[PDB]
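S.K.: This structure is in structure tokens; I'll ask about it shortly.
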4 protein chains.
Amino acid sequence: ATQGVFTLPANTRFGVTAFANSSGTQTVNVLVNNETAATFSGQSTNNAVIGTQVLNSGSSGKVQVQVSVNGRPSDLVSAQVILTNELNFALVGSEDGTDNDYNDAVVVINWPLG
Amino acid sequence: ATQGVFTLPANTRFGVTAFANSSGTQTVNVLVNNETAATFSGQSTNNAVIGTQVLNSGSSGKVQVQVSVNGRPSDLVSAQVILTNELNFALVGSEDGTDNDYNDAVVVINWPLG
Amino acid sequence: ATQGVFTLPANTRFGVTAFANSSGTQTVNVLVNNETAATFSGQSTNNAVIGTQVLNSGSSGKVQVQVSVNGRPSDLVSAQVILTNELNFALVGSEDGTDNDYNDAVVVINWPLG
Amino acid sequence: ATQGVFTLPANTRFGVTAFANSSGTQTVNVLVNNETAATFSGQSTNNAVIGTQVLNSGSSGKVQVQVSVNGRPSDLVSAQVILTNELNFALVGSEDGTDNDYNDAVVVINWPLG
Ligand SMILES: CC(=O)N[C@@H]1[C@H]2O[C@]3(O[C@@H]4[C@@H](NC(C)=O)[C@@H](O)O[C@H](CO)[C@H]4O[C@@]4(O[C@@H]2[C@@H](CO)O[C@H]1O)O[C@@H](C)[C@@H](O)[C@@H](O)[C@@H]4O)O[C@H](CO)[C@H](O)[C@H](O)[C@H]3O
Ligand SMILES: CC(=O)N[C@@H]1[C@@H](O[C@@H]2O[C@H](CO)[C@H](O)[C@H](O)[C@H]2O)[C@H](O[C@@H]2O[C@@H](C)[C@@H](O)[C@@H](O)[C@@H]2O)[C@@H](CO)O[C@@H]1O
Ligand SMILES: CC(=O)N[C@@H]1[C@@H](O[C@@H]2O[C@H](CO)[C@H](O)[C@H](O)[C@H]2O)[C@H](O[C@@H]2O[C@@H](C)[C@@H](O)[C@@H](O)[C@@H]2O)[C@@H](CO)O[C@H]1O
Ligand SMILES: CC(=O)N[C@@H]1[C@@H](O[C@@H]2O[C@H](CO)[C@H](O)[C@H](O)[C@H]2O)[C@H](O[C@@H]2O[C@@H](C)[C@@H](O)[C@@H](O)[C@@H]2O)[C@@H](CO)O[C@H]1O
Ligand SMILES: [Ca+2]
Ligand SMILES: [Ca+2]
Ligand SMILES: [Ca+2]
Ligand SMILES: [Ca+2]
Ligand SMILES: [Ca+2]
Ligand SMILES: [Ca+2]
Ligand SMILES: [Ca+2]
Ligand SMILES: [Ca+2]
């Protein structure tokens with residue numbers, strides 16, 4: 001199934017934050033209405049916050065997360081969870097190797113903000 | 001029901017990160033086996049990271065998040081989500097006021113690292 | 001924080017299914033726009049499906065689960081999770097006693113159908 | 001990433017329930033210590049419960065859900081969620097066609113029981 005794609009409410013500010021846990025340099029791209037709105041990169045095996053940014057979901061609400069390492073796309077897993085019918089998290093893990101820890105880049109999207 | 005309390009695998013490193021979305025200054029405490037292991041403070045209405053750290057779950061694996069604003073305890077909501085039977089997120093939202101957006105301090109715990 | 005209340009897309013068919021794990025008779029009421037639309041009762045310590053139904057979320061999309069044991073409300077816990085940005089689960093657990101297993105009545109809501 | 005595989009606590013009872021939403025007949029197999037422990041089959045486009053059982057998670061606690069329709073393996077999506085650090089849901093969706101609704105068979109695993 002497709003992973004790393006979330007439909008947010010339209011024209012809504014959200015946070016996006018990326019953590020690294022791999023010997024490979026991670027590149028995280030965040031697309032809004034199918035175009036790149038943000039790019040984060042770094043290399044850590046201790047969960048460094050390689051990027052964090054506030055974006056707007058735009059008229060479609062479509063947000064997509066992609067991850068690559070040395071130009072090779074990582075395998076993604078994802079889901080969304082809502083607490084008390086109000087607080088949203090869209091969660092992404094990624095695997096760039098063979099050990100299947102799926103933490104090589106971890107991305108958290110959250111809304112509402114403010 | 002209790003919220004903000006999680007049982008991690010014993011002797012396991014995990015990341016804990018907090019964001020703020022309120023006019024009030026957020027105080028986030030993270031307790032491991034009932035001892036304070038991290039404290040974050042800050043203010044933002046734009047999802048700023050007010051703290052991030054790597055901790056160890058110790059012999060008990062018990063992790064608890066508490067949030068307060070100028071001495072007043074915030075009401076908490078929480079859940080844990082596991083992706084591909086491997087990647088763990090423990091998620092906390094908090095309310096410091098009347099609007100019940102539950103984003104005033106937002107805490108994300110993730111493991112495994114490395 | 002409020003639990004057992006979910007906003008569905010308007011005018012959408014959803015499944016609702018209740019399970020029992022207690023010596024006490026569980027009464028599960030499912031409200032749509034604040035009026036009872038389905039009621040199930042039963043006693044089981046083996047996860048019996050004490051009822052299942054298809055309902056329509058109506059114009060408001062407001063769906064609420066209530067659980068009691070002979071008129072005494074149970075303590076509820078809940079969350080919503082979305083898989084591949086399509087498949088929705090609204091989840092409820094409840095506690096009717098002192099052991100805090102929170103499984104005494106369990107309710108699963110799922111959409112879309114068909 | 002692998003989907004429909006969950007590590008439960010060992011030697012622990014869990015409930016498994018399957019729903020159908022497709023013109024294709026769904027067959028769901030539930031495997032415990034890598035052997036089929038339950039098989040459910042049925043056809044519904046209205047969320048009919050096509051089977052439910054209580055099983056023991058065995059030595060490893062590894063539980064696997066597999067879904068097929070007319071002999072063809074369906075594409076799976078899954079996640080686990082834990083409420084108040086106690087109540088566990090393992091959730092499976094599946095796709096047997098081209099519309100990506102992932103509800104064609106829906107499987108819910110829950111524990112603890114009793
Ligand atoms: C009128 C006022 O300053 N109210 C704040 C409220 O911010 C407002 O923010 C709340 C604040 N209200 C005012 C008028 O200053 C006051 O009621 O305290 C709240 C916290 O108990 C404020 O909320 C937070 O809400 C604060 C609140 C914090 O306890 O303190 C009041 O005195 O901060 C705001 C910015 C939001 O993030 C809230 O979710 C958060 O709880 O809240 C309004 C929303 O209800 C609205 O955002 C106003 O613009 C804001 O001033
Ligand atoms: C031999 C080699 O170069 N392996 C890298 C692999 O890194 C190794 O991963 C191991 C654990 O699976 C150990 O940590 C080794 O010390 C390490 O060299 C690398 O894997 C990534 O980086 C490591 C540190 C972990 O975070 C992995 O989860 C992560 O996938 C991969 C990247 O594709 O390449 C080789 O296989
Ligand atoms: C002695 C008695 O009748 N107690 C009732 C509870 O049943 C016992 O619960 C304990 C755990 O607290 C244990 O399971 C015993 O075997 C039960 O007899 C009863 O608890 C409810 O039913 C249980 C079977 C269990 O599912 C529990 O989680 C659930 O809350 C409570 C509430 O109905 O009432 C007591 O009188
Ligand atoms: C023409 C036909 O019968 N096609 C079968 C699919 O049913 C149609 O699915 C489409 C969506 O792709 C749409 O709902 C049509 O009205 C159906 O007739 C069938 O899809 C499965 O059953 C559907 C009713 C729906 O639940 C869908 O999500 C599900 O995948 C597939 C099953 O492999 O077979 C087609 O031949
Ligand atoms: Ca890896
Ligand atoms: Ca890694
Ligand atoms: Ca607030
Ligand atoms: Ca706020
Ligand atoms: Ca109980
Ligand atoms: Ca019980
Ligand atoms: Ca389908
Ligand atoms: Ca379908």
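Lettering and numbering for the structure tokens are positional, with chains as A, B, ... in the shown order, residues counted from 1 in each chain, and ligands counted from 1 in the shown order.
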Could you please extract the residues within 8 Å of ligand 4, counting only C-alpha atoms and all ligand atoms, and hand them back as a compact mmCIF listing (two decimals) with N, CA, C and O atoms, in the first residue's frame?
M.R.:
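New file result.txt:
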# COMPACT_ATOMS: atom_id res chain seq x y z
N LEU C 113 -17.14 1.48 4.47
CA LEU C 113 -17.69 0.16 4.15
C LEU C 113 -17.84 -0.08 2.65
O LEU C 113 -17.66 0.81 1.82
N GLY C 114 -18.21 -1.31 2.31
CA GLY C 114 -18.57 -1.62 0.95
C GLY C 114 -17.46 -2.00 0.01
O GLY C 114 -16.26 -1.79 0.28
N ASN D 21 -15.91 -6.58 3.17
CA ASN D 21 -16.47 -5.46 2.41
C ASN D 21 -16.00 -5.52 0.91
O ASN D 21 -15.16 -4.71 0.46
N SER D 22 -16.53 -6.50 0.17
CA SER D 22 -16.07 -6.79 -1.16
C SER D 22 -17.04 -7.76 -1.81
O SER D 22 -17.73 -8.51 -1.11
N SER D 23 -17.13 -7.74 -3.13
CA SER D 23 -17.88 -8.79 -3.84
C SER D 23 -17.10 -10.11 -3.88
O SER D 23 -17.68 -11.16 -4.09
N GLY D 24 -15.79 -10.08 -3.64
CA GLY D 24 -15.02 -11.31 -3.52
C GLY D 24 -15.16 -11.97 -2.15
O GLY D 24 -15.20 -11.28 -1.11
N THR D 45 -20.69 -7.13 1.38
CA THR D 45 -20.34 -5.75 1.07
C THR D 45 -20.90 -4.84 2.14
O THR D 45 -20.90 -3.61 1.95
N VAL D 69 -8.14 -13.91 -1.67
CA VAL D 69 -9.45 -13.84 -2.34
C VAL D 69 -9.31 -14.57 -3.67
O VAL D 69 -8.46 -14.21 -4.47
N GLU D 95 -6.50 -5.27 0.62
CA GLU D 95 -7.02 -4.85 -0.70
C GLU D 95 -6.94 -6.02 -1.65
O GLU D 95 -5.86 -6.59 -1.86
N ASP D 96 -8.08 -6.36 -2.26
CA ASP D 96 -8.20 -7.47 -3.20
C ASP D 96 -8.50 -7.03 -4.65
O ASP D 96 -8.72 -7.88 -5.51
N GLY D 97 -8.49 -5.71 -4.92
CA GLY D 97 -8.94 -5.12 -6.19
C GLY D 97 -8.16 -3.87 -6.56
O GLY D 97 -6.96 -3.79 -6.31
N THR D 98 -8.84 -2.89 -7.15
CA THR D 98 -8.16 -1.74 -7.72
C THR D 98 -8.53 -0.38 -7.14
O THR D 98 -7.95 0.64 -7.55
N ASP D 99 -9.50 -0.32 -6.23
CA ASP D 99 -9.96 0.95 -5.70
C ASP D 99 -9.24 1.44 -4.42
O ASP D 99 -9.53 2.54 -3.94
N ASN D 100 -8.34 0.63 -3.89
CA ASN D 100 -7.57 0.97 -2.69
C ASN D 100 -8.37 1.49 -1.51
O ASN D 100 -7.98 2.43 -0.83
N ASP D 101 -9.49 0.84 -1.24
CA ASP D 101 -10.24 1.15 -0.04
C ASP D 101 -9.70 0.37 1.18
O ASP D 101 -9.93 0.77 2.33
N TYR D 102 -8.95 -0.71 0.92
CA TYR D 102 -8.28 -1.52 1.98
C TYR D 102 -9.23 -2.03 3.09
O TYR D 102 -8.78 -2.34 4.22
N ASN D 103 -10.52 -2.16 2.77
CA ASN D 103 -11.52 -2.66 3.75
C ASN D 103 -12.05 -4.03 3.35
O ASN D 103 -13.04 -4.53 3.92
N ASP D 104 -11.42 -4.66 2.34
CA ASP D 104 -12.06 -5.79 1.67
C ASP D 104 -12.18 -6.92 2.64
O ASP D 104 -13.24 -7.57 2.72
S.K.: Could you do a least-squares fit of chain A on chain B over every C-alpha atom, in sequence order, and give the output as a tab-separated table (two decimals) with N, CA and C atoms, in the first residue's frame?
M.R.:
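Once everything was written out, this is result_35.tsv:
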chain	number	residue	atom	x	y	z
A	1	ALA	N	-8.64	7.68	33.04
A	1	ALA	CA	-7.53	6.71	33.04
A	1	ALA	C	-6.22	7.47	33.14
A	2	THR	N	-5.20	6.83	33.69
A	2	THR	CA	-3.85	7.37	33.65
A	2	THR	C	-3.42	7.62	32.22
A	3	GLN	N	-2.71	8.74	32.01
A	3	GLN	CA	-2.17	9.10	30.69
A	3	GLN	C	-0.75	9.61	30.90
A	4	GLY	N	0.07	9.49	29.86
A	4	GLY	CA	1.45	9.95	29.91
A	4	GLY	C	2.40	9.00	30.58
A	5	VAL	N	1.96	7.75	30.82
A	5	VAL	CA	2.81	6.69	31.34
A	5	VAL	C	2.95	5.52	30.34
A	6	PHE	N	4.18	5.11	30.05
A	6	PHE	CA	4.49	4.09	29.06
A	6	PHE	C	5.50	3.10	29.61
A	7	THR	N	5.29	1.82	29.34
A	7	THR	CA	6.28	0.81	29.70
A	7	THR	C	7.11	0.50	28.46
A	8	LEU	N	8.36	0.92	28.49
A	8	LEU	CA	9.27	0.59	27.44
A	8	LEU	C	9.97	-0.75	27.76
A	9	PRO	N	10.61	-1.34	26.77
A	9	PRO	CA	11.53	-2.44	27.06
A	9	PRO	C	12.63	-1.94	28.00
A	10	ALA	N	13.06	-2.81	28.91
A	10	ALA	CA	14.03	-2.43	29.90
A	10	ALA	C	15.36	-2.01	29.28
A	11	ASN	N	16.00	-1.06	29.95
A	11	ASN	CA	17.37	-0.65	29.66
A	11	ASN	C	17.57	-0.29	28.21
A	12	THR	N	16.62	0.44	27.64
A	12	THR	CA	16.58	0.76	26.22
A	12	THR	C	16.69	2.26	26.02
A	13	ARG	N	17.56	2.68	25.10
A	13	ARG	CA	17.66	4.12	24.78
A	13	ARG	C	16.43	4.54	23.99
A	14	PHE	N	15.91	5.72	24.31
A	14	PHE	CA	14.78	6.30	23.56
A	14	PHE	C	14.95	7.81	23.41
A	15	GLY	N	14.29	8.37	22.40
A	15	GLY	CA	14.21	9.81	22.26
A	15	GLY	C	12.97	10.38	22.86
A	16	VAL	N	13.11	11.56	23.44
A	16	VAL	CA	12.00	12.33	23.91
A	16	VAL	C	12.13	13.80	23.43
A	17	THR	N	11.05	14.29	22.85
A	17	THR	CA	11.03	15.60	22.17
A	17	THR	C	9.72	16.31	22.50
A	18	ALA	N	9.83	17.59	22.86
A	18	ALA	CA	8.69	18.42	23.23
A	18	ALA	C	8.53	19.65	22.32
A	19	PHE	N	7.27	19.89	21.92
A	19	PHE	CA	6.84	21.02	21.10
A	19	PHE	C	5.86	21.88	21.91
A	20	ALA	N	5.91	23.20	21.75
A	20	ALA	CA	4.99	24.13	22.45
A	20	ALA	C	4.05	24.85	21.49
A	21	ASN	N	2.79	24.99	21.92
A	21	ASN	CA	1.76	25.75	21.18
A	21	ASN	C	0.77	26.41	22.15
A	22	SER	N	1.24	27.42	22.86
A	22	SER	CA	0.45	28.10	23.89
A	22	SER	C	1.06	29.42	24.22
A	23	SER	N	0.25	30.37	24.66
A	23	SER	CA	0.80	31.63	25.22
A	23	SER	C	1.48	31.43	26.60
A	24	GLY	N	1.19	30.32	27.27
A	24	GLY	CA	1.80	29.99	28.55
A	24	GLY	C	3.14	29.30	28.38
A	25	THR	N	4.08	29.60	29.26
A	25	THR	CA	5.34	28.86	29.27
A	25	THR	C	5.15	27.40	29.71
A	26	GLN	N	5.57	26.47	28.87
A	26	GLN	CA	5.41	25.04	29.19
A	26	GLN	C	6.62	24.50	29.95
A	27	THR	N	6.35	23.66	30.94
A	27	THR	CA	7.38	22.84	31.62
A	27	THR	C	7.04	21.36	31.47
A	28	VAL	N	7.93	20.63	30.81
A	28	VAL	CA	7.74	19.20	30.57
A	28	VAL	C	8.77	18.45	31.41
A	29	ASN	N	8.28	17.58	32.30
A	29	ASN	CA	9.16	16.70	33.05
A	29	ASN	C	8.99	15.27	32.60
A	30	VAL	N	10.14	14.59	32.44
A	30	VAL	CA	10.19	13.18	32.04
A	30	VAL	C	10.82	12.40	33.17
A	31	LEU	N	10.05	11.46	33.73
A	31	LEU	CA	10.47	10.63	34.83
A	31	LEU	C	10.80	9.22	34.31
A	32	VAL	N	11.90	8.65	34.80
A	32	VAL	CA	12.25	7.25	34.53
A	32	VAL	C	12.37	6.55	35.90
A	33	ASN	N	11.68	5.41	36.04
A	33	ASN	CA	11.51	4.70	37.34
A	33	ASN	C	11.19	5.68	38.46
A	34	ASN	N	10.17	6.50	38.19
A	34	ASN	CA	9.62	7.46	39.12
A	34	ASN	C	10.57	8.55	39.60
A	35	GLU	N	11.64	8.83	38.86
A	35	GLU	CA	12.42	10.01	39.17
A	35	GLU	C	12.76	10.84	37.93
A	36	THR	N	12.84	12.15	38.13
A	36	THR	CA	13.04	13.08	37.03
A	36	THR	C	14.35	12.81	36.34
A	37	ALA	N	14.28	12.57	35.03
A	37	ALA	CA	15.45	12.30	34.21
A	37	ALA	C	15.71	13.46	33.25
A	38	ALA	N	14.68	14.25	32.97
A	38	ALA	CA	14.80	15.40	32.08
A	38	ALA	C	13.71	16.41	32.28
A	39	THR	N	14.04	17.66	32.01
A	39	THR	CA	13.08	18.78	32.06
A	39	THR	C	13.31	19.70	30.86
A	40	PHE	N	12.23	20.02	30.15
A	40	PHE	CA	12.26	20.94	29.02
A	40	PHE	C	11.31	22.09	29.34
A	41	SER	N	11.60	23.27	28.80
A	41	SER	CA	10.71	24.45	28.96
A	41	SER	C	10.88	25.43	27.80
A	42	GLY	N	9.80	26.11	27.45
A	42	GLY	CA	9.84	27.20	26.49
A	42	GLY	C	8.46	27.76	26.28
A	43	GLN	N	8.33	28.73	25.36
A	43	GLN	CA	7.05	29.37	25.07
A	43	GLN	C	7.00	29.72	23.58
A	44	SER	N	6.11	29.05	22.88
A	44	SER	CA	5.91	29.25	21.48
A	44	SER	C	4.46	29.00	21.13
A	45	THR	N	3.92	29.73	20.15
A	45	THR	CA	2.62	29.34	19.56
A	45	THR	C	2.79	28.84	18.12
A	46	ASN	N	4.00	28.38	17.78
A	46	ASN	CA	4.31	27.91	16.45
A	46	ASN	C	5.19	26.66	16.50
A	47	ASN	N	4.95	25.81	17.50
A	47	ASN	CA	5.48	24.44	17.51
A	47	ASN	C	7.00	24.38	17.72
A	48	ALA	N	7.58	25.33	18.45
A	48	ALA	CA	9.02	25.26	18.72
A	48	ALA	C	9.39	23.95	19.43
A	49	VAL	N	10.57	23.41	19.11
A	49	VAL	CA	11.09	22.19	19.69
A	49	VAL	C	11.85	22.65	20.93
A	50	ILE	N	11.14	22.70	22.05
A	50	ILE	CA	11.70	23.29	23.29
A	50	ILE	C	12.72	22.37	23.96
A	51	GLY	N	12.69	21.09	23.62
A	51	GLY	CA	13.71	20.18	24.06
A	51	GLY	C	13.67	18.87	23.32
A	52	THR	N	14.83	18.22	23.26
A	52	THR	CA	14.98	16.88	22.73
A	52	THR	C	16.22	16.26	23.39
A	53	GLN	N	16.09	14.99	23.77
A	53	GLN	CA	17.11	14.29	24.54
A	53	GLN	C	16.98	12.78	24.36
A	54	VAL	N	18.11	12.10	24.46
A	54	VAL	CA	18.14	10.63	24.52
A	54	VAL	C	18.27	10.21	25.98
A	55	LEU	N	17.38	9.32	26.42
A	55	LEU	CA	17.41	8.77	27.76
A	55	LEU	C	17.43	7.22	27.71
A	56	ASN	N	17.70	6.59	28.84
A	56	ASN	CA	17.64	5.12	28.97
A	56	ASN	C	16.47	4.76	29.87
A	57	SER	N	15.66	3.78	29.45
A	57	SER	CA	14.44	3.44	30.19
A	57	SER	C	14.69	2.73	31.53
A	58	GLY	N	15.92	2.25	31.74
A	58	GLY	CA	16.28	1.65	33.03
A	58	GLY	C	15.71	0.27	33.26
A	59	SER	N	15.91	-0.28	34.45
A	59	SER	CA	15.53	-1.68	34.66
A	59	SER	C	14.03	-1.93	34.62
A	60	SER	N	13.21	-0.92	34.94
A	60	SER	CA	11.76	-1.09	34.99
A	60	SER	C	11.08	-0.81	33.65
A	61	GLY	N	11.74	-0.01	32.81
A	61	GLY	CA	11.13	0.42	31.56
A	61	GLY	C	10.06	1.50	31.73
A	62	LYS	N	9.79	1.97	32.96
A	62	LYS	CA	8.67	2.89	33.19
A	62	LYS	C	9.07	4.32	32.86
A	63	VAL	N	8.36	4.94	31.91
A	63	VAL	CA	8.60	6.33	31.55
A	63	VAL	C	7.31	7.16	31.72
A	64	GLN	N	7.40	8.31	32.41
A	64	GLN	CA	6.22	9.12	32.61
A	64	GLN	C	6.50	10.55	32.19
A	65	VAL	N	5.52	11.14	31.52
A	65	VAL	CA	5.59	12.54	31.06
A	65	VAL	C	4.59	13.36	31.88
A	66	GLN	N	5.05	14.47	32.44
A	66	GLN	CA	4.16	15.40	33.11
A	66	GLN	C	4.38	16.79	32.54
A	67	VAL	N	3.31	17.58	32.52
A	67	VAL	CA	3.35	18.94	31.99
A	67	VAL	C	2.68	19.91	32.97
A	68	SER	N	3.35	21.04	33.20
A	68	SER	CA	2.77	22.14	33.96
A	68	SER	C	3.00	23.47	33.29
A	69	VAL	N	2.14	24.42	33.65
A	69	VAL	CA	2.22	25.81	33.19
A	69	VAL	C	1.99	26.68	34.41
A	70	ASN	N	2.96	27.51	34.72
A	70	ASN	CA	2.89	28.38	35.93
A	70	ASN	C	2.49	27.59	37.18
A	71	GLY	N	3.04	26.38	37.27
A	71	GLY	CA	2.86	25.46	38.39
A	71	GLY	C	1.56	24.68	38.42
A	72	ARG	N	0.72	24.81	37.40
A	72	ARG	CA	-0.57	24.11	37.39
A	72	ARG	C	-0.45	22.91	36.45
A	73	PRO	N	-0.76	21.69	36.88
A	73	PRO	CA	-0.68	20.55	35.99
A	73	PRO	C	-1.65	20.62	34.82
A	74	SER	N	-1.16	20.32	33.60
A	74	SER	CA	-2.00	20.26	32.41
A	74	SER	C	-2.71	18.91	32.33
A	75	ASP	N	-3.88	18.90	31.73
A	75	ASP	CA	-4.62	17.67	31.46
A	75	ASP	C	-3.97	16.95	30.29
A	76	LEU	N	-3.67	15.67	30.47
A	76	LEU	CA	-2.94	14.89	29.45
A	76	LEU	C	-3.81	13.90	28.66
A	77	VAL	N	-3.42	13.67	27.40
A	77	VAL	CA	-3.94	12.57	26.60
A	77	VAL	C	-2.72	11.83	26.02
A	78	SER	N	-2.86	10.55	25.75
A	78	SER	CA	-1.73	9.76	25.29
A	78	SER	C	-2.11	8.46	24.63
A	79	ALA	N	-1.16	7.91	23.89
A	79	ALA	CA	-1.28	6.57	23.33
A	79	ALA	C	0.09	6.14	22.80
A	80	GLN	N	0.21	4.85	22.50
A	80	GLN	CA	1.39	4.31	21.87
A	80	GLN	C	0.96	3.61	20.58
A	81	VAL	N	1.78	3.76	19.54
A	81	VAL	CA	1.56	3.10	18.22
A	81	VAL	C	2.85	2.44	17.75
A	82	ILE	N	2.70	1.25	17.16
A	82	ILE	CA	3.82	0.45	16.65
A	82	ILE	C	3.56	0.20	15.15
A	83	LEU	N	4.54	0.57	14.33
A	83	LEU	CA	4.54	0.33	12.89
A	83	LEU	C	5.46	-0.83	12.53
A	84	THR	N	5.00	-1.65	11.59
A	84	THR	CA	5.67	-2.88	11.13
A	84	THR	C	6.30	-3.76	12.25
A	85	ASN	N	5.60	-3.82	13.38
A	85	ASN	CA	5.97	-4.64	14.52
A	85	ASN	C	7.38	-4.35	15.03
A	86	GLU	N	7.81	-3.10	14.89
A	86	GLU	CA	9.20	-2.70	15.16
A	86	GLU	C	9.38	-1.27	15.71
A	87	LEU	N	8.73	-0.31	15.07
A	87	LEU	CA	8.95	1.12	15.29
A	87	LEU	C	7.88	1.67	16.22
A	88	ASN	N	8.31	2.15	17.39
A	88	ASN	CA	7.43	2.63	18.44
A	88	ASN	C	7.38	4.15	18.59
A	89	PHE	N	6.17	4.65	18.76
A	89	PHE	CA	5.94	6.03	19.16
A	89	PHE	C	5.02	6.06	20.38
A	90	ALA	N	5.41	6.79	21.41
A	90	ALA	CA	4.54	7.09	22.51
A	90	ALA	C	4.25	8.59	22.39
A	91	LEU	N	2.96	8.93	22.39
A	91	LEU	CA	2.50	10.27	22.01
A	91	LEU	C	1.75	10.89	23.20
A	92	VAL	N	2.04	12.16	23.49
A	92	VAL	CA	1.34	12.87	24.54
A	92	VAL	C	0.88	14.24	24.01
A	93	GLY	N	-0.36	14.58	24.29
A	93	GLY	CA	-0.86	15.96	24.14
A	93	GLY	C	-1.23	16.50	25.53
A	94	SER	N	-1.37	17.82	25.64
A	94	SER	CA	-1.71	18.44	26.94
A	94	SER	C	-2.50	19.71	26.73
A	95	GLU	N	-3.39	19.99	27.68
A	95	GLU	CA	-4.25	21.18	27.64
A	95	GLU	C	-4.04	22.00	28.90
A	96	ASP	N	-3.72	23.29	28.70
A	96	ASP	CA	-3.43	24.20	29.80
A	96	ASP	C	-4.48	25.29	29.96
A	97	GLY	N	-5.55	25.22	29.18
A	97	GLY	CA	-6.56	26.28	29.15
A	97	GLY	C	-7.95	25.73	28.93
A	98	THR	N	-8.76	26.43	28.15
A	98	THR	CA	-10.14	26.02	28.01
A	98	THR	C	-10.55	25.72	26.59
A	99	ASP	N	-9.67	25.87	25.61
A	99	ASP	CA	-10.07	25.69	24.23
A	99	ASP	C	-9.99	24.23	23.73
A	100	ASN	N	-9.38	23.36	24.52
A	100	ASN	CA	-9.27	21.97	24.21
A	100	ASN	C	-8.65	21.63	22.88
A	101	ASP	N	-7.61	22.37	22.48
A	101	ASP	CA	-6.82	21.96	21.33
A	101	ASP	C	-5.77	20.90	21.69
A	102	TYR	N	-5.43	20.77	22.97
A	102	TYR	CA	-4.55	19.68	23.48
A	102	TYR	C	-3.15	19.65	22.86
A	103	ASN	N	-2.72	20.80	22.34
A	103	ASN	CA	-1.42	20.93	21.71
A	103	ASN	C	-0.45	21.82	22.48
A	104	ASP	N	-0.81	22.18	23.70
A	104	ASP	CA	-0.13	23.26	24.38
A	104	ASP	C	1.30	22.87	24.69
A	105	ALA	N	1.48	21.61	25.12
A	105	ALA	CA	2.77	20.90	24.97
A	105	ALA	C	2.43	19.54	24.35
A	106	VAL	N	3.14	19.21	23.29
A	106	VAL	CA	3.04	17.93	22.59
A	106	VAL	C	4.39	17.21	22.84
A	107	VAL	N	4.35	15.96	23.27
A	107	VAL	CA	5.58	15.22	23.52
A	107	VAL	C	5.57	13.92	22.72
A	108	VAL	N	6.69	13.66	22.03
A	108	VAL	CA	6.90	12.43	21.25
A	108	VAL	C	8.10	11.64	21.78
A	109	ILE	N	7.86	10.38	22.13
A	109	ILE	CA	8.89	9.47	22.56
A	109	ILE	C	9.00	8.43	21.45
A	110	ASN	N	10.23	8.08	21.06
A	110	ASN	CA	10.44	7.11	19.97
A	110	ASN	C	11.58	6.12	20.29
A	111	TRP	N	11.40	4.87	19.89
A	111	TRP	CA	12.43	3.85	19.99
A	111	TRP	C	12.10	2.75	18.97
A	112	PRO	N	13.06	1.87	18.64
A	112	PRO	CA	14.48	1.96	19.02
A	112	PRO	C	15.24	3.09	18.33
A	113	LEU	N	16.41	3.41	18.88
A	113	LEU	CA	17.32	4.37	18.27
A	113	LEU	C	18.51	3.62	17.66
A	114	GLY	N	19.36	4.37	16.96
A	114	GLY	CA	20.65	3.87	16.49
A	114	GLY	C	20.59	3.25	15.11
S.K.: As a VMD selection string, please: every residue in chain D that a backbone DSSP assignment puts in strand (DSSP E or B).
M.R.: chain D and resid 5 to 7 13 to 32 35 to 56 62 to 69 72 to 73 75 to 83 87 to 95 103 105 to 111
